[PDB]
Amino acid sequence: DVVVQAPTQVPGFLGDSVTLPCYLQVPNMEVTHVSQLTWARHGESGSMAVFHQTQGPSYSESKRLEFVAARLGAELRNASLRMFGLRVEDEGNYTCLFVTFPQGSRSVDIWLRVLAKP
């Protein structure tokens, strides 16, 4: 089977930039085709970041998010996303989802924790 690997929590400080790691683990002998990656905030309407195998990246606001490991012309396996300028409202759970064929969609939830200053 194809399984999404990610930590449960990602800590970051107020004003800093943090990267939410999210990788797709597929066995060496198992065949899969990943069409696109999707980040969504737990409790919102739609997605905040999408990377398509041919169309490239798309963000709800391009200045705040960036796929740090996804690249056109390569296997979509690493959906790690960097968030710039952490504010207190960025605290919450985020869903990292892989669209694979023929296994289907695989997702995981990551708790982004924004920390205060000393």
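A residue's number is simply how far along the shown sequence it sits, counting from 1.
Between the stretches 79-87 and 39-47, it is 39-47 that shows the larger average CA temperature factor. For the pair 59-67 and 28-36, the mean Cα B-factor is higher in 59-67. When the C-alpha B factors of 107, 17, 9, 100 are read from the deposited coordinates, the top value falls at 17. Among the modelled residues of its chain, residue 116 has a C-alpha B-factor that falls in the highest third, as given in the PDB entry.
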